[PDB]
Amino acid sequence: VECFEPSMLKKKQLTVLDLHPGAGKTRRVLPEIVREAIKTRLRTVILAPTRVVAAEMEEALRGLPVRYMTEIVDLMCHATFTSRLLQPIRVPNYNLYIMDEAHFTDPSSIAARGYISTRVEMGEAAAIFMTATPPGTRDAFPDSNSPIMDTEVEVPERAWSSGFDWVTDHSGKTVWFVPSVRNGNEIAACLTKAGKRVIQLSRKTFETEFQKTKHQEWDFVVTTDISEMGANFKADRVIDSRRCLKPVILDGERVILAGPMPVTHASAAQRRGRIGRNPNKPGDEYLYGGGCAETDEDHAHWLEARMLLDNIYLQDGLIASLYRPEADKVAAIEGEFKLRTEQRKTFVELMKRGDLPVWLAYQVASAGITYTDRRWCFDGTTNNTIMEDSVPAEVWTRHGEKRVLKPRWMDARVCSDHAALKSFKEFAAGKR
Ligand SMILES: [K+]
Ligand SMILES: [K+]
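First things first, this report covers the structure right here in the doc. Within each chain the first residue of the written sequence is number 1 and the count goes on from 1 in that order, possibly differing from the entry; residues lacking coordinates are omitted. The lettering of chains begins at A and the numbering of ligands begins at 1, in the order of writing. Each side-chain value is worked out from all heavy atoms of the structure, with water and hydrogens disregarded.

It is worth spelling out the overall build of the chain at this point. A run of H or I in DSSP counts as a helix once it spans at least four residues, and a run of E counts as a strand once it spans at least two, with each numbered from the N terminus. Assigned secondary structure in the chain consists of 12 helices and 18 strands. Over its C-alpha trace the chain gives a radius of gyration of 22 Å, about what one expects of a compact globule, namely 22 Å for 432 residues. Here the C-alpha coordinates of the chain stretch approximately 60 × 60 × 35 Å along the principal axes. Using a 1.4 Å probe, the Shrake-Rupley method yields the accessible areas, and only the shown protein chains count as cover for residues. Here the chain displays about 20900 Å² of accessible surface, and carbon together with sulfur accounts for 47% of that area. The reference for a compact globule is 2.2 Å times residues^0.38; the radius of gyration itself is calculated from the C-alpha atoms.

Here we come to the packing of aromatic side chains. Each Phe, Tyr or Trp ring, with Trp reduced to its six-membered ring, pairs with another whose centre is within 6.5 Å; inter-plane angles below 30 degrees give stacked pairs, above 60 give edge-to-face pairs, and intermediate values give tilted ones. Tallied over the full model, the rule gives 19 aromatic pairs. The interplanar angle of 80 degrees and the centroid separation of 5.1 Å between the aromatic rings of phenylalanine 129 and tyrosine 323 together place this pair among those described as edge-to-face. Remark: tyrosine 323 occurs in the loop between α9 (300-309) and α10 (341-352) and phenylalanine 129 occurs in strand β6 (residues 126-131); sequence separation between them is 194 residues. Comparing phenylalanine 129 with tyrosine 323 shows no difference in burial state: the two are buried. Partly exposed describes any residue whose relative accessible area lies between the buried limit of under 20% and the exposed limit of over 50%, with all areas from a 1.4 Å probe on protein chains only and scaled to the type maximum.

The subject of this paragraph is the coordination of the potassium ion (ligand 2). Bound to the potassium ion (ligand 2) are the protein donor atoms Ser117 (OG), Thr118 (OG1), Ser321 (O), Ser321 (OG) and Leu322 (O), situated 2.7 to 3.1 Å from the metal. For Na, K and Ca the donor cutoff is 3.2 Å, while for all other metals N, O and S atoms count as donors only within 2.8 Å; water does not appear among the atoms, so some sites may look incomplete. Written as a sequence motif, the donor residues of the potassium ion (ligand 2) are S-T-x202-S-L. With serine 117 in helix α4 (residues 107-121) and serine 321 in the loop between α9 and α10, this residue pair connects regions lying 204 residues apart in the sequence. Assessed through its relative accessible area of 11%, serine 117 is described here as buried.

In this structure, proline 260 follows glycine 259 across a cis peptide bond, with omega equal to 0 degrees. At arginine 41, a residue that is not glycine, the phi angle is positive and equals roughly 55 degrees. Not every positive phi belongs to a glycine, and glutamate 101 is a case in point at roughly 50 degrees. Secondary-structure assignment places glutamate 101 in the loop between β5 (96-100) and α4.

Looking at where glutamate 285 falls in the secondary structure, it is placed in strand β14 (residues 285-288). By relative accessible area, which is 24% here, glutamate 285 ends up partly exposed. For the pair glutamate 285 and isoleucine 239, spaced 46 residues apart in sequence, the C-alpha to C-alpha distance is 8.6 Å.

Across soluble globular proteins, nonpolar side chains show a tendency to be buried alongside one another. Nonpolar core, defined: a set of buried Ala, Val, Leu, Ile, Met, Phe, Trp, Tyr and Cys residues in which side-chain atoms within 4.5 Å join the residues together. If you look at the biggest cluster of nonpolar residues, it comprises 66 residues, and the most contacted ones within it are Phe81, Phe347, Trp376 and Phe424. Looking at this core element by element, the count peaks at 7 residues for helix α11 (residues 358-366). Taken domain by domain, the makeup of this core includes at least three residues from each of domain 1 (1-137 + 296-333) and domain 3 (245-259 + 334-432). Here a residue-residue contact requires only that any non-hydrogen atoms of the pair lie within 4.5 Å. Sequence-distant contacts of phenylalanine 81, defined by excluding residues within four places in its chain, comprise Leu47, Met76, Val91, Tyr94, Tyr97, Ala112, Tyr115 and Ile116. Start and end positions for the domains come from either an automated domain assignment or a database one.

What follows deals with the coordination of the potassium ion (ligand 1). Those donors, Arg84 (O), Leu85 (O), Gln87 (O) and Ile89 (O), are the protein atoms that reach the potassium ion (ligand 1), and they lie 2.6 to 3.0 Å from it. A residue is classified by how much of its surface remains accessible, and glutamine 87, at 15% relative accessible area, is buried.

Moving on: the layout of surface pockets. A cavity, in this analysis, means grid points on a 1 Å lattice covering only the protein atoms where a 1.4 Å probe fits yet has no way out; a pocket is instead an open set bounded by protein on both sides within 12 Å along at least five of seven lines, and a residue lines either one if it has an atom within 4 Å of a point. Grid points are joined across faces, edges and corners, and a volume is the space filled by probe spheres set on the points. Estimated volume of the second largest pocket: approximately 1100 Å³. Lining the second largest pocket are 45 residues, and of these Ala231, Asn232, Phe233, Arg274 and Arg277 sit closest to its centre. Those elements that place two or more of their residues in the lining of the second largest pocket are α1 (25-39), α2 (51-60) and α7 (206-209). At 6 residues, the largest contribution of residues to the lining of the second largest pocket is made by α2. Grouping the amino acids of the lining of the second largest pocket by side-chain chemistry returns 17 nonpolar, 12 polar and 16 charged. Three or more residues apiece are contributed to the lining of the second largest pocket by two domains, here domain 1 (1-137 + 296-333) and domain 2 (138-244 + 260-295). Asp, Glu, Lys and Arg are counted as charged, while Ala, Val, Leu, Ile, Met, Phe, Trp, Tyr, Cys and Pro are counted as nonpolar; the rest, among them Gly, fall into the polar class.

The buried fraction of α9 is high, at 10 of 10 residues. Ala300, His301, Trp302, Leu303, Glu304, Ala305, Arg306, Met307, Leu308 and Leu309 are the residues of α9 that are buried.

Here it is, written out as C-alpha cells:
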C-alpha cells in the first residue's frame with residue numbers, strides 16, 4: 001500500500017507502506033500516523049535508521065509530545081531499540097511500532113523487525129514498516145518524483161587516465177557510490193587531479209563533510225553506502241558500481257570481508273534514489289556498473305540478527321522469529337544462540353561497551369570469557385595474526401608486556417580500516 005489510513009493502527013495489523021524515494025515518508029506520512037496515534041492514546045515507538053534521520057523526524061514532528069532518546073511517543077534508532085531489548089531496561093510493550101527505512105539490513109534492524117512482527121502475530125501490537133523497497137521485493141528501479149534515465153556502463157573502480165571521458169565531461173553534479181573509503185580515496189584523487197571539486201563522505205566524516213555540499217561548488221561526492229539514507233543532494237547524476245564488501249562467515253570459524261560483490265536490489269534502489277527527486281529538474285541519470293544479486297544469504301548480518309533475537313525475551317519460552325519475508329535468509333536451529341543469564345550479560349557488554357561485532361561477541365561470551373578478560377585477543381592460531389602496514393600488529397597489554405595481536409576468533413571487521421584496528425588494539429589492551 002502507498003497510503004496511510006487509521007485502520008492500520010489496530011492490533012494484529014502489520015502494514016508495509018511502499019513509499020518510493022522522495023515521496024515525503026518523513027515530512028508528510030509520519031506526522032499523520034503520529035497524530036492519529038497520539039489522538040487515540042496508543043503507546044508508540046518510532047524507529048529511525050540513523051541519528052541523522054532521527055533529527056529530521058524531530059523537525060517534522062515539532063510540537064507533538066514525542067520523547068527522543070539514545071510523552072507517549074518515543075523515538076529512537078533501530079540499534080538503540082534492539083540494544084534496550086537486550087539490556088535489563090524494561091522496554092514498554094508498545095501498542096504501535098513505526099519503523100522508518102524498514103529495508104535496512106543492519107543486524108539490529110533485522111532483529112527489530114523479527115521482534116516487532118512476532119508481537120503483531122501474538123496480537124499485542126500493530127506495526128507500520130515504511131520503505132521504498134519492501135523486504136522480499138526485488139525492483140532496483142522504483143518510482144521517482146521525476147523520470148530517471150538508467151544506463152548500464154563500465155564504471156571505473158580504480159584511478160584511470162584514458163577512457164571514461166563521460167565521467168569528466170559531465171558539467172552537472174554527481175554522487176558516486178564506492179565500496180570503501182580506500183577505493184573512494186583513489187577515485188577522488190583521480191578526479192581532483194582531473195580538475196574537479198570532490199568531497200568524500202563516509203560514516204566517520206559525514207556530519208562535518210556533508211555540510212560542504214550545501215554551499216561549495218562541488219562536482220562530485222564520493223561516498224560509501226552511508227549516503228544511502230539520511231542524505232539529500234542537489235545532484236543530477238549518480239554513478240553506482242553496484243558493489244559492496246560484505247562480512248561472511250567462513251566455515252563457522254571466522255568472518256572475512258568478501259567482495260566487492262553485487263549489492264541488493266534495495267541498496268541499488270536507494271542509491272539511484274538520491275536523484276530524480278526534483279520535478280523542476282528532469283533529466284537526472286543513474287549510471288550503473290553491473291547487476292544486483294538477491295543471493296545475500298552469505299551476509300553475516302542475517303545470522304547475527306538471529307543471535308540477537310534469541311537473547312531477547314517476549315514470553316516465557318517463546319523465541320521470536322524473523323520477519324517472514326526474511327526468515328529464509330538464515331540456516332539456524334531455533335533458540336540455538338540463546339545464552340544463559342551471565343553469558344548473555346557478557347554478550348551484551350561486548351557489543352555495547354566493547355563495540356565488537358555481534359558474531360565475535362557471541363564467540364567470546366559463549367566460551368565463558370568475562371568482559372574484561374582479554375587473553376583471548378593474543379592466543380589464537382598463527383593465521384589469526386592481525387597486521388598493521390603488512391606486519392604483525394602489537395599491543396602493550398594491561399601488565400606492560402608487548403604482545404602480537406592474534407585473537408582466538410578472527411573477525412575482519414575489527415581491523416578492516418585504521419580506525420577499526422586502532423579501536424580493537426585499545427580493546428586488546430584493556431582500555432575499554
Ligand atoms: K529489556
Ligand atoms: K516474526
